[PDB]
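I have placed the structure first, in the form of structure tokens, so that the comments after it can refer back to it.
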Amino acid sequence: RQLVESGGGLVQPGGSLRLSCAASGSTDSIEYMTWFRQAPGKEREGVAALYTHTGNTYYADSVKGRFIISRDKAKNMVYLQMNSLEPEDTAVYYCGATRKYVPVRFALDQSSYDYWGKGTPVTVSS
Amino acid sequence: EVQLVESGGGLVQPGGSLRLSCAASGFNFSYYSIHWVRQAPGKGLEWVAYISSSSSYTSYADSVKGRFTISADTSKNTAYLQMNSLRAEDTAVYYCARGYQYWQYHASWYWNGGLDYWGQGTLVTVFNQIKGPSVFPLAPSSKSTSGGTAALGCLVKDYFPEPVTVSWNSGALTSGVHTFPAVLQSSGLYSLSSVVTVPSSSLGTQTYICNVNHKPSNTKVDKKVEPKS
Amino acid sequence: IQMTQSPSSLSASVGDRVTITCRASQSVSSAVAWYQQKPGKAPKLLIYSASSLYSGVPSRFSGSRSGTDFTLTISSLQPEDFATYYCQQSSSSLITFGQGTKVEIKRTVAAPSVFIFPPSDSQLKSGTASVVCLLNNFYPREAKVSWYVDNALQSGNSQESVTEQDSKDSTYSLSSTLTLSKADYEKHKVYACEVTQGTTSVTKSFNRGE
Ligand SMILES: [Cl-]
Ligand SMILES: [Cl-]
């Protein structure tokens, strides 16, 4: 498909994990790439967003500090470094992307991403 | 405000067909899977099937493969379970419940999202015969504790299928009422009793009526239960 | 087939630690989810992904692995925790639930109130006699009911039914029904059920007619 997440596993609290997402088309038209997560009972939540054209990053108040979204020297991979993990971070983590620009304030809104990956599951448990 | 409402359950005879509904609201219907889970009378849970948005993501339990079809209307936000070639052991409360859209892809030794919301359920009874009940009084003893307790009741006999409901004085009397689980007799019909304990001093001046409703044959019976000869 | 749960049923006081096991189907490695069900109500999710607490679940509950099995522990049993508990796995494309575990309230011993009821005249006119023995409001559940018809112990011709635990006093009740042809009922005089709990046995009877 379009996007493919990976990296999910089981971690003890205070542990670490890095997720990957691999995109497919020309990585040129992409305006935003984002990590969203979903836990049972709760609604799908924007976690961390990257505006590709400047590399500006946008974080949910619940991950600010602990998580880092970053591209490398390949255009087509976004990572999510998750440090200091809490049971409340248990969720499936989805990668989304859009080719249509939106004002930056809507970058963490589920409704501005056109397509997603199946998602990679993360459990944080002692 | 996630809500799942099941509907369209009723009575069906073996080999017949029935179509159930799960109307969902309060969530992006796409990001989610809908599951049917059934519970036979007095048994444990049994998983039936699931669908995620399109017909490509479905599967069925082996007990039900080939007879049932699950479908969805993303426009109406509803899932459907078409049940065919039904048998007696399809009788159960059928629940719908929400899971993760790609729960199957996610499933591992360390991940299981489970089913987060459930409906209230819809009863599906598969009946071979119908027979309204017989209601015989269980008359209070004349050897009742005169300043104490006395027991009286109703025997509800030879009816099919389940269920029967029993109340006392139209529901005005609830305290000390014991209605028993129906027990299937060898004859192939159900039977149960409903008893109530009361002050013995009331037996002369206070009236006691059991109200039996057998909805599957539209019979309702009311027996005044009085001391014997 | 479904998975075995370690205690099928158990009784405990408010304040006890309780542990249920889930035995996965030989070679099936799949994080377990746990559900709680109350009579007449839909299952509720408790634990998911083996050990993650669902929203609004108090944390006296916990889930854990145990060799290749799964355990649910309630650390301090509360009055609202008496229910049936199911585990659940998602092996390949099929979901499969466990056989279930009933958690019941332990309680002081109580002896049954025994009443006997003879057939109604209404009933005899149909050619069948039902004699009903009621054991009312006893604990624990184990009790033996025997029928005597002119001192002949009866077998194969009775059926028992037990209520679930009363929400107010935590006791059970039990009905035994002896079923006879009107022909057979009418040739005997003395009807008795005897109820044994523990050391004590209680017999109630009547004479046909009196
Ligand atoms: Cl199952
Ligand atoms: Cl999903």
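Numbering starts fresh at 1 for the residues of each chain in the structure tokens, the chains themselves are lettered A, B, ... in the order given, and ligands are numbered from 1 as they appear.
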Any chance you could tabulate, as a Markdown table, the residues of chain B at most 9 Å from ligand 1 with each one's nearest atom pair and distance in Å to one decimal, using only C-alpha atoms and all ligand atoms, in chain and rising number order?
```
| residue | atom | partner | partner_atom_place_in_ligand_line | distance |
| --- | --- | --- | --- | --- |
| B:37 | CA | ligand 1 | 1 (Cl) | 8.1 |
| B:38 | CA | ligand 1 | 1 (Cl) | 8.8 |
| B:44 | CA | ligand 1 | 1 (Cl) | 8.5 |
| B:45 | CA | ligand 1 | 1 (Cl) | 6.2 |
| B:46 | CA | ligand 1 | 1 (Cl) | 3.7 |
| B:47 | CA | ligand 1 | 1 (Cl) | 4.2 |
| B:48 | CA | ligand 1 | 1 (Cl) | 7.3 |
| B:61 | CA | ligand 1 | 1 (Cl) | 7.8 |
```
Within 7 Å of residue B:92, counting only C-alpha atoms, which residues qualify if same-chain residues fewer than 5 places away don't, as a PDB file with N, CA and C atoms, in the first residue's frame?
```pdb
ATOM      1  N   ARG B  38     -22.300 -14.315  20.446  1.00  0.00           N
ATOM      2  CA  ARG B  38     -23.568 -14.856  20.907  1.00  0.00           C
ATOM      3  C   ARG B  38     -23.401 -15.563  22.253  1.00  0.00           C
ATOM      4  N   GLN B  39     -24.516 -15.676  22.993  1.00  0.00           N
ATOM      5  CA  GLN B  39     -24.545 -16.340  24.287  1.00  0.00           C
ATOM      6  C   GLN B  39     -25.823 -17.163  24.416  1.00  0.00           C
ATOM      7  N   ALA B  40     -25.675 -18.482  24.286  1.00  0.00           N
ATOM      8  CA  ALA B  40     -26.790 -19.402  24.425  1.00  0.00           C
ATOM      9  C   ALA B  40     -27.365 -19.261  25.833  1.00  0.00           C
ATOM     10  N   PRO B  41     -28.636 -19.636  26.087  1.00  0.00           N
ATOM     11  CA  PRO B  41     -29.191 -19.503  27.436  1.00  0.00           C
ATOM     12  C   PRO B  41     -28.385 -20.319  28.450  1.00  0.00           C
ATOM     13  N   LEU B 123     -32.408 -11.247  21.288  1.00  0.00           N
ATOM     14  CA  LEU B 123     -32.662 -12.665  21.504  1.00  0.00           C
ATOM     15  C   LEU B 123     -33.094 -13.311  20.192  1.00  0.00           C
ATOM     16  N   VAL B 124     -32.482 -14.451  19.855  1.00  0.00           N
ATOM     17  CA  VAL B 124     -32.888 -15.221  18.689  1.00  0.00           C
ATOM     18  C   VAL B 124     -33.295 -16.616  19.144  1.00  0.00           C
ATOM     19  N   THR B 125     -34.593 -16.900  19.046  1.00  0.00           N
ATOM     20  CA  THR B 125     -35.094 -18.199  19.452  1.00  0.00           C
ATOM     21  C   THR B 125     -35.475 -18.985  18.200  1.00  0.00           C
TER      22      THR B 125
END
```
Contact residues around stretch 200-203 of chain B with only C-alpha atoms at 8 Å, ignoring same-chain residues under 3 positions, as a VMD selection string: chain B and resid 144 to 150 206 to 207 226 to 227
Generate the output file for the selected residues, N, CA, C and O atoms, as a short mmCIF file (atom, residue, chain, number, x, y, z; two decimals), in the first residue's frame.
```
data_model
loop_
_atom_site.label_atom_id
_atom_site.label_comp_id
_atom_site.auth_asym_id
_atom_site.auth_seq_id
_atom_site.Cartn_x
_atom_site.Cartn_y
_atom_site.Cartn_z
N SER B 144 -48.56 -23.36 58.60
CA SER B 144 -47.66 -22.22 58.49
C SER B 144 -47.35 -21.67 59.87
O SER B 144 -48.21 -21.69 60.75
N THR B 145 -46.11 -21.18 60.04
CA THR B 145 -45.69 -20.48 61.25
C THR B 145 -46.60 -19.28 61.47
O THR B 145 -46.52 -18.29 60.73
N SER B 146 -47.45 -19.36 62.50
CA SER B 146 -48.62 -18.51 62.65
C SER B 146 -48.25 -17.05 62.93
O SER B 146 -49.00 -16.15 62.56
N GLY B 147 -47.11 -16.84 63.60
CA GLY B 147 -46.55 -15.51 63.75
C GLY B 147 -45.30 -15.30 62.90
O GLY B 147 -44.53 -14.38 63.15
N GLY B 148 -45.11 -16.16 61.87
CA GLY B 148 -43.86 -16.24 61.13
C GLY B 148 -44.03 -16.14 59.62
O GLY B 148 -44.69 -15.23 59.11
N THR B 149 -43.39 -17.07 58.90
CA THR B 149 -43.32 -17.03 57.45
C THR B 149 -44.19 -18.15 56.87
O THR B 149 -44.39 -19.17 57.52
N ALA B 150 -44.70 -17.93 55.65
CA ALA B 150 -45.39 -18.95 54.87
C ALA B 150 -44.95 -18.84 53.40
O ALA B 150 -44.65 -17.75 52.94
N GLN B 206 -54.98 -10.68 52.55
CA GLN B 206 -54.19 -10.14 51.45
C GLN B 206 -54.16 -11.13 50.28
O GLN B 206 -53.92 -12.32 50.47
N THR B 207 -54.41 -10.60 49.08
CA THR B 207 -54.51 -11.37 47.85
C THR B 207 -53.13 -11.52 47.20
O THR B 207 -52.31 -10.61 47.26
N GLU B 226 -54.60 -19.42 46.73
CA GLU B 226 -55.36 -19.35 47.97
C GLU B 226 -55.04 -20.59 48.78
O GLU B 226 -54.65 -21.61 48.20
N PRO B 227 -55.20 -20.56 50.12
CA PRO B 227 -55.06 -21.77 50.95
C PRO B 227 -56.02 -22.86 50.49
O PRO B 227 -57.06 -22.54 49.92
#
```
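By only C-alpha atoms, and with residues fewer than 5 positions from residue C:174 along its chain excluded, the set lying at most 10 Å from it is residues 178 and 180 of chain B; 112, 114, 133, 134, 135, 136, 137, 138, 141, 143, 145, 160, 161, 162, 163 and 164 of chain C.
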Saved selection, atoms kept: N, CA and C atoms, as an mmCIF file, in the first residue's frame:
```cif
data_model
loop_
_atom_site.group_PDB
_atom_site.id
_atom_site.type_symbol
_atom_site.label_atom_id
_atom_site.label_comp_id
_atom_site.auth_asym_id
_atom_site.auth_seq_id
_atom_site.Cartn_x
_atom_site.Cartn_y
_atom_site.Cartn_z
ATOM 1 N N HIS B 178 -38.788 -15.871 44.442
ATOM 2 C CA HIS B 178 -37.760 -16.703 43.841
ATOM 3 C C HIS B 178 -38.323 -17.415 42.623
ATOM 4 N N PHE B 180 -37.440 -19.732 39.416
ATOM 5 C CA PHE B 180 -36.363 -20.673 39.175
ATOM 6 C C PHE B 180 -36.000 -20.711 37.696
ATOM 7 N N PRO C 112 -31.615 -24.521 55.107
ATOM 8 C CA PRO C 112 -32.790 -24.217 54.285
ATOM 9 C C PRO C 112 -34.091 -24.238 55.086
ATOM 10 N N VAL C 114 -37.662 -25.493 54.643
ATOM 11 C CA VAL C 114 -38.179 -26.511 53.748
ATOM 12 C C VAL C 114 -39.701 -26.473 53.798
ATOM 13 N N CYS C 133 -40.830 -29.704 46.403
ATOM 14 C CA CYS C 133 -40.064 -29.440 47.614
ATOM 15 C C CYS C 133 -39.253 -28.165 47.388
ATOM 16 N N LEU C 134 -39.421 -27.170 48.270
ATOM 17 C CA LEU C 134 -38.684 -25.916 48.190
ATOM 18 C C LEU C 134 -37.713 -25.779 49.372
ATOM 19 N N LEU C 135 -36.404 -25.714 49.072
ATOM 20 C CA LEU C 135 -35.350 -25.345 50.008
ATOM 21 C C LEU C 135 -35.091 -23.852 49.838
ATOM 22 N N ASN C 136 -35.451 -23.053 50.842
ATOM 23 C CA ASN C 136 -35.444 -21.614 50.656
ATOM 24 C C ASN C 136 -34.338 -20.975 51.484
ATOM 25 N N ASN C 137 -33.428 -20.244 50.824
ATOM 26 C CA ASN C 137 -32.516 -19.302 51.463
ATOM 27 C C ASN C 137 -31.470 -20.015 52.318
ATOM 28 N N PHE C 138 -30.718 -20.924 51.699
ATOM 29 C CA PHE C 138 -29.647 -21.615 52.396
ATOM 30 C C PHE C 138 -28.300 -21.322 51.728
ATOM 31 N N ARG C 141 -24.255 -24.136 48.514
ATOM 32 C CA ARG C 141 -25.147 -24.619 47.469
ATOM 33 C C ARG C 141 -25.402 -26.119 47.610
ATOM 34 N N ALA C 143 -26.466 -29.523 48.727
ATOM 35 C CA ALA C 143 -27.568 -30.020 49.531
ATOM 36 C C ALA C 143 -28.125 -31.248 48.826
ATOM 37 N N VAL C 145 -31.421 -33.725 48.228
ATOM 38 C CA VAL C 145 -32.863 -33.864 48.357
ATOM 39 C C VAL C 145 -33.275 -35.271 47.930
ATOM 40 N N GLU C 160 -34.208 -30.956 39.784
ATOM 41 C CA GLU C 160 -33.869 -29.872 40.684
ATOM 42 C C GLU C 160 -33.552 -28.604 39.896
ATOM 43 N N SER C 161 -33.698 -27.459 40.561
ATOM 44 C CA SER C 161 -33.402 -26.174 39.967
ATOM 45 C C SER C 161 -32.906 -25.245 41.072
ATOM 46 N N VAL C 162 -31.809 -24.526 40.812
ATOM 47 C CA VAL C 162 -31.221 -23.664 41.823
ATOM 48 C C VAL C 162 -31.224 -22.227 41.316
ATOM 49 N N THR C 163 -31.616 -21.284 42.179
ATOM 50 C CA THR C 163 -31.443 -19.878 41.849
ATOM 51 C C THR C 163 -29.961 -19.516 41.919
ATOM 52 N N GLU C 164 -29.619 -18.355 41.352
ATOM 53 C CA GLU C 164 -28.334 -17.731 41.610
ATOM 54 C C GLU C 164 -28.402 -17.064 42.983
#
```
Protein and nucleic residues near ligand 2, 12 Å, only C-alpha atoms and all ligand atoms, as an MDAnalysis selection string: (chainID A and resid 36:40 43:44 91:95 116:121) or (chainID B and resid 28:34 52:53 57 98:107 112:114)
DSSP alpha helix (DSSP H) residues within chain B, listed as number ranges by chain: B: 103-106
Contacts of residue A:9 within 8 Å, only C-alpha atoms, excl. fewer than 4 positions in-chain, as a PyMOL selection string: (chain A and resi 17+121-123) or (chain B and resi 110)
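Here atom CA of residue C:142 stands at a distance of 22.0 Å from atom CA of residue B:197.
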For chain C versus chain B, which residues have an atom no more than 8 Å away, and what is each residue's nearest atom pair and distance in Å rounded to one decimal, using only C-alpha atoms, chain-then-number order, as CSV?
```
residue,atom,partner,partner_atom,distance
C:29,CA,B:109,CA,5.1
C:30,CA,B:109,CA,4.2
C:31,CA,B:109,CA,4.8
C:32,CA,B:112,CA,6.4
C:33,CA,B:114,CA,5.9
C:41,CA,B:120,CA,6.9
C:42,CA,B:120,CA,5.7
C:43,CA,B:118,CA,7.1
C:44,CA,B:118,CA,7.5
C:45,CA,B:116,CA,6.0
C:48,CA,B:113,CA,5.9
C:49,CA,B:112,CA,4.3
C:50,CA,B:110,CA,7.0
C:86,CA,B:45,CA,8.0
C:88,CA,B:114,CA,7.8
C:89,CA,B:112,CA,7.5
C:90,CA,B:107,CA,6.5
C:91,CA,B:107,CA,7.6
C:92,CA,B:104,CA,6.9
C:93,CA,B:104,CA,6.1
C:94,CA,B:61,CA,6.5
C:95,CA,B:47,CA,6.2
C:96,CA,B:47,CA,6.2
C:97,CA,B:45,CA,6.4
C:98,CA,B:45,CA,7.8
C:99,CA,B:44,CA,6.1
C:100,CA,B:44,CA,6.4
C:115,CA,B:151,CA,7.1
C:117,CA,B:138,CA,6.0
C:118,CA,B:138,CA,7.6
C:119,CA,B:138,CA,7.7
C:120,CA,B:136,CA,6.3
C:122,CA,B:136,CA,6.7
C:123,CA,B:136,CA,6.4
C:159,CA,B:183,CA,7.7
C:160,CA,B:183,CA,8.0
C:161,CA,B:181,CA,6.3
C:162,CA,B:180,CA,6.5
C:163,CA,B:180,CA,5.7
C:173,CA,B:178,CA,7.5
C:174,CA,B:180,CA,7.9
C:175,CA,B:180,CA,7.7
```
B:160, B:1, B:170, B:221 ranked by distance to residue B:24, top pick (using only C-alpha atoms):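 Of all the options, B:1 lies closest to residue B:24.
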Residues of stretch 59-95 of chain C that have any atom at most 7 Å from an atom of stretch 10-20 of chain C: could you tabulate them with the shortest-distance atom pair and the distance in Å to one decimal, using only C-alpha atoms, ordered by chain and increasing number, as CSV?
```
residue,atom,partner,partner_atom,distance
C:71,CA,C:20,CA,5.6
C:72,CA,C:20,CA,5.3
C:73,CA,C:19,CA,4.6
C:74,CA,C:18,CA,5.2
C:75,CA,C:17,CA,4.6
C:76,CA,C:15,CA,4.7
C:77,CA,C:15,CA,4.9
C:78,CA,C:14,CA,5.4
C:79,CA,C:14,CA,6.3
```
Distance criterion (only C-alpha atoms): nearest to chain C out of A:18, A:87, A:106, A:6: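 Of all the options, A:87 lies closest to chain C.
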Interface list for chain C, partner chain A, 9 Å threshold, only C-alpha atoms, as an MDAnalysis selection string: chainID C and resid 48:49 51:55 64
Those residues you just picked out, can you put them in a file as a PDB file, in the first residue's frame with N, CA and C atoms?
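File written: out_36.pdb
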```
ATOM      1  N   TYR C  48      -6.686  -5.714  28.372  1.00  0.00           N
ATOM      2  CA  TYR C  48      -6.391  -6.052  26.992  1.00  0.00           C
ATOM      3  C   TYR C  48      -4.881  -6.159  26.829  1.00  0.00           C
ATOM      4  N   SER C  49      -4.457  -6.678  25.671  1.00  0.00           N
ATOM      5  CA  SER C  49      -3.047  -6.950  25.421  1.00  0.00           C
ATOM      6  C   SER C  49      -2.380  -7.496  26.683  1.00  0.00           C
ATOM      7  N   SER C  51      -2.126  -7.374  29.714  1.00  0.00           N
ATOM      8  CA  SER C  51      -1.871  -6.733  30.995  1.00  0.00           C
ATOM      9  C   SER C  51      -2.176  -5.230  30.996  1.00  0.00           C
ATOM     10  N   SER C  52      -2.890  -4.725  29.976  1.00  0.00           N
ATOM     11  CA  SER C  52      -3.236  -3.309  29.930  1.00  0.00           C
ATOM     12  C   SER C  52      -4.664  -3.072  30.415  1.00  0.00           C
ATOM     13  N   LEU C  53      -4.772  -2.190  31.399  1.00  0.00           N
ATOM     14  CA  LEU C  53      -6.062  -1.860  32.037  1.00  0.00           C
ATOM     15  C   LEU C  53      -6.899  -0.967  31.130  1.00  0.00           C
ATOM     16  N   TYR C  54      -8.143  -1.360  30.892  1.00  0.00           N
ATOM     17  CA  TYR C  54      -9.071  -0.573  30.087  1.00  0.00           C
ATOM     18  C   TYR C  54      -9.590   0.627  30.887  1.00  0.00           C
ATOM     19  N   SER C  55      -9.965   1.704  30.177  1.00  0.00           N
ATOM     20  CA  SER C  55     -10.527   2.914  30.768  1.00  0.00           C
ATOM     21  C   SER C  55     -11.564   2.575  31.834  1.00  0.00           C
ATOM     22  N   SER C  64      -1.501 -10.646  33.795  1.00  0.00           N
ATOM     23  CA  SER C  64      -0.116 -11.078  33.830  1.00  0.00           C
ATOM     24  C   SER C  64       0.051 -12.374  33.048  1.00  0.00           C
TER      25      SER C  64
END
```
Strand (DSSP E or B) call set, DSSP backbone run, stretch 1-126 of chain B, as a PyMOL selection string: chain B and resi 3-7+11-12+18-25+32-39+45-52+54-60+68-73+78-83+92-100+117-118+122-126
Nearest to residue A:11, chosen from A:25, A:67, A:112, A:85, with only C-alpha atoms counted in the distances: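 Using only C-alpha atoms, residue A:11 sits closest to A:85.
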